[PDB]
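**Q** sequence and experimental coordinates follow.
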Amino acid sequence: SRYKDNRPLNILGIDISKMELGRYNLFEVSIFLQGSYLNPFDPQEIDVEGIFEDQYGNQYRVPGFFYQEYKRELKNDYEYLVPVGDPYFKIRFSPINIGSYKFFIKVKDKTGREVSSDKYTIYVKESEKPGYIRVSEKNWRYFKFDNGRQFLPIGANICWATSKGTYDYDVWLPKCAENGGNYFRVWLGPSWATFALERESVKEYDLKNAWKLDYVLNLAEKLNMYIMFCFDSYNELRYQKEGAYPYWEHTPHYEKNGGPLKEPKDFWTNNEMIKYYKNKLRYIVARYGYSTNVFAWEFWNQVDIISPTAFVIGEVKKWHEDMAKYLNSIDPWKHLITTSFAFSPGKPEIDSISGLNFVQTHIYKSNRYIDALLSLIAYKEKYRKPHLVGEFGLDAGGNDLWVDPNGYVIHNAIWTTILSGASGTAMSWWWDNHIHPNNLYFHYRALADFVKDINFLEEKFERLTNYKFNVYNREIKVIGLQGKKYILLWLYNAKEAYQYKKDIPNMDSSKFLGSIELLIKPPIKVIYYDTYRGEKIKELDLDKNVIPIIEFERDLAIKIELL
Ligand SMILES: OC[C@H]1O[C@@H](O[C@H]2[C@H](O)[C@H](O)[C@H](O[C@H]3[C@H](O)[C@H](O)[C@H](O[C@H]4[C@H](O)[C@H](O)[C@H](O)O[C@@H]4CO)O[C@@H]3CO)O[C@@H]2CO)[C@@H](O)[C@@H](O)[C@@H]1O
Ligand SMILES: OC[C@H]1O[C@@H](O)[C@@H](O)[C@@H](O)[C@@H]1O
């Protein structure tokens, strides 16, 4: 209760960031008040809200949140945050419609007293922002922005920083963005994470870490990147004796550390814990929900490998149903909601919950992972909602770093997932010790430039099924999409795609290798695409359905336009 107050409830002053702003831009109200509360993070102690109304009858009820200003600096090798001023309350809003808005502030504290501001008027003009990310109504396999443009996530996990904190994201995000990346994922737990809200407590949230998440969200805004916020990770509910980076003994949920839980199993049903968790969701919506750069709320990293003493499928399912419904109801902008599992096939009892808007796969597999990805993507089409391969690698033990310095494993996965019908790229691990130091971003740039002008929302892509392969000197395989106007092929050498010792192909690719015959009607334009340099190798106009395959070392992309 470091932030208690026991004065009669009064608004003391408000600051408004701007009277005029663009569609989907941040409108921020700062509020100085006094009142009676033991915990500014608990709406039963103090409840700040902004009530906004556009000219079209839509009303938004935005919970407010407690805020401390900081000034960051880098002390040789660690970030250090210096508090500036007293903490206070904020409301963060983002307008969907343009035109005029009226809003007022309402506050209630534990005494039952209620105060409110007069109504203020703001004006919203048109802007360049595409809006929030939703499931496409045209093709449930894909995401869209509110303005109808596709959102095809290309990026990686970038879930926490080193001790340099936000200064690491100052380096990683611009590199990702300039190489076609528009997506990453961050962790808000366990308590050691860069953005951990529950750092010392499950009842009060860490204002420094929340400030760091502000900063990284703002950087994503400037770079047109979109973030999945992962609220909790399995480590929090896993006992030391169970291994796999366990954290229960250190987590603030545990009664030993001041929390309400005697054991991780009680997380799903303990009424005190459920109440604090809803307060946390309210804090997250209040502080970050305005942002169109929040791609999705993700409840859990790999909830299936919490302690087996704590996984009760019926209670975990009901908890996801109830929390998705609650989160949805208090989120004025209705961001996408998801959850994840370490078991690659997932848990159908939870994945089929309608409050979870898309499903995920995590897979770390060293052999024939191309076939595993294709198989999992075909399988999860049963849910009729988008599928994100949210984590991918060779080995949960990190073998990738030593055996694949050139990123061939990432390469194979991102081409396989895009051209098998997943909503976006497979999302690699190892951002800090693999992708960045080895400068593997060029793999994403080549993929992004290949799909850049393809509208997956209108192509009605189906997986390629009835081709004839005519290759003699090699075991070539193909993964393809067939659509209205395009056929997209990724061909790979089964003997070379899983060998990681050779240097990146520098292909002087003239010779004829073989052919693939497809059920299409000429004429067609065939584009051969170097997947490593990210450029057209050759372009060919054809009058027959026999498409030559030129020589390639490891793999080759082909884009075929139906004319
Ligand atoms: O060093 C910072 C921080 O690291 C923490 O350990 C990390 C570890 O460095 C590594 O990045 C690990 O990656 C996991 C991650 O958990 C993924 O969600 C996923 O999971 C796997 C799980 O961790 C087990 O390995 C399990 O057997 O397999 C899962 C996948 O099926 O896979 C990633 C790659 O293994 O994440 C942990 C944190 O979970 C802590 O050491 C911390 O103290 C330290 O400060
Ligand atoms: O920014 C990511 C990394 O960049 C490197 O060049 C070093 O400066 C690291 O200390 C840092 O964590």
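**A** Looks like it came in fine. Numbering: from 1, shown residues only. Ligands and ions are numbered 1, 2, ... in the order given.
**Q** and for whatever residue of the stretch 251-400 of the chain ends up closest to ligand 2, the neighbour number?
**A** Across the stretch 251-400 of the chain, the shortest distance to ligand 2 (Cβ to the nearest ligand atom) belongs to residue 398, at 17.3 Å. Heads up, the C-betas are built off the backbone N, CA and C, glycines and all. Neighbourhood size, residue 398 [other Cβ atoms under 10 Å]: 15.
**Q** does it count as helix, strand or coil?
**A** Following DSSP: H, G, I helix; E, B strand; the rest coil, the label given to residue 398 is coil.
**Q** ok, now residue 282?
**A** helix.
**Q** how about the nearest residue to it, chain neighbours excluded?
**A** Leaving aside its sequence neighbours, residue 282 sits nearest to residue 63 (Cβ to Cβ, 6 or more residues apart in numbering; 5.2 Å).
**Q** residues in this protein within reach of ligand 2, list them.
**A** Proximity of the chain to ligand 2 is confined to 162, 164, 168, 171, 436 under the rule Cβ under 6 Å from any ligand atom.
**Q** which of those residues fall within helices?
**A** Among those, the residues falling in helices (DSSP state H) are 168, 171.
**Q** for ligand 2, what's its nearest residue on the stretch 301-450 of the chain.
**A** For the stretch 301-450 of the chain, Cβ to the nearest ligand atom, closest residue to ligand 2: residue 436, 5.9 Å.
**Q** quick one, what contacts the residue lying closest to that residue once chain neighbours are set aside?
**A** Once flanking residues are discounted, residue 436 sits nearest to residue 172: 5.8 Å by Cβ to Cβ, 6+ apart. Residue 172 is in contact with 158, 431, 432, 436, counting by Cβ atoms under 8 Å, 6 or more residues apart in numbering.
**Q** got a list of what the first one touches?
**A** With contacts taken as Cβ under 8 Å, 6+ apart, residue 158 has the following neighbours: 169, 172, 173, 176, 184, 185, 186, 431, 432.
**Q** from those residues, which land in helices?
**A** Using DSSP H, the subset of the contacts of residue 158 located in helices is 169, 172, 173, 176.
**Q** among the residues you listed, who's most crowded?
**A** Highest neighbour count within those: residue 176, with 26 neighbours (other Cβ under 10 Å).
**Q** if I look at that one, how far off is residue 226?
**A** For residue 176, the distance to residue 226 equals 12 Å [Cβ to Cβ, to the nearest Å].
**Q** check residue 390 too.
**A** Distance from residue 390 to residue 226, by Cβ to Cβ: 13 Å.
**Q** which of those two has more residues huddled nearby?
**A** Here residue 390 and residue 226 are set side by side on neighbour count (other Cβ under 10 Å), and the busier one is residue 390, at 26 against 23.
**Q** tell me which parts of this structure are close to ligand 1?
**A** Where proximity means Cβ under 6 Å from any ligand atom, the interface of the chain facing ligand 1 comprises 192, 233, 235, 244-245, 301-302, 342, 362, 364, 391, 396, 429.
**Q** so which of those residues wins on neighbours?
**A** Most surrounded of the residues of the chain next to ligand 1: other Cβ under 10 Å gives residue 301, at 28 neighbours.
**Q** for the residue of the chain found nearest ligand 2, which non-adjacent residue is spatially closest?
**A** Residue nearest to ligand 2 within the chain (Cβ to the nearest ligand atom): residue 171, separated by 3.5 Å. Nearest non-adjacent residue to residue 171, counting by Cβ to Cβ, 6+ apart: residue 436, 7.3 Å away.
**Q** give me the neighbour count for the one you found.
**A** For residue 436, the tally of surrounding residues (other Cβ under 10 Å) stands at 18.
**Q** who are the contact partners of it?
**A** Listed by Cβ under 8 Å, 6+ apart, the contact partners of residue 436 are 171, 172, 175.
**Q** and of those residues, the nearest to ligand 1?
**A** residue 172 (14.8 Å).
**Q** from the residues of the chain next to ligand 2, keep the buried residues only.
**A** 164, 168, 436 (16 or more other Cβ atoms under 10 Å).
**Q** measure the residue nearest the centre of the chain to residue 218 for me?
**A** Nearest to the mean C-alpha position of the chain, by Cα atoms, centre = their mean, lies residue 228 at 2.3 Å. The gap separating residue 228 from residue 218 is 17 Å, by Cβ to Cβ.
**Q** quick one: the strands in the stretch 451-563 of the chain, in order.
**A** Applying DSSP state E, counting those that start in this stretch to the stretch 451-563 of the chain gives strands spanning 462-463, 467-471, 476-482, 486-493, 512-518, 524-530, 535-542, 546-550, 555-562.
**Q** hey, which of the ones you listed is tucked in deepest?
**A** strand 486-493 (a mean of 23; mean count of other Cβ atoms under 10 Å).
**Q** what's the domain layout of this protein?
**A** Following automatic domain parsing, one gets these domains for the chain: 5-125, 152-454, 462-562.
**Q** compare the ones you listed and give me the one nearest residue 135.
**A** Between residue 135 and those, the tightest spacing by Cβ to Cβ is seen for domain 152-454, at 5.7 Å.
**Q** chain center to the closest one, what's the gap?
**A** Here the centre of domain 152-454 is set off from its chain's centre by 7 Å, with Cα atoms, centre = their mean, to the nearest Å.
**Q** count of neighbours near residue 522?
**A** By other Cβ under 10 Å, 12 other residues sit near residue 522.
**Q** I'd say it and residue 546 touch.
**A** No - under the criterion of Cβ atoms under 8 Å, residue 522 makes no contact with residue 546, lying 9.8 Å away.
**Q** who touches both of the two?
**A** Contacts common to residue 522 and residue 546, judged by Cβ under 8 Å, 6+ apart, are absent.
**Q** circling back to that earlier point, could you dump the strands of the stretch 451-563 of the chain into CSV and include distance to residue 410?
**A** Converted to CSV, the strands of the stretch 451-563 of the chain look like this (distance: least, Cβ to Cβ, whole Å):
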stretch, distance to residue 410
strand 462-463, 22
strand 467-471, 26
strand 476-482, 16
strand 486-493, 14
strand 512-518, 25
strand 524-530, 17
strand 535-542, 19
strand 546-550, 24
strand 555-562, 13
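**Q** right, I'll call it a day here.
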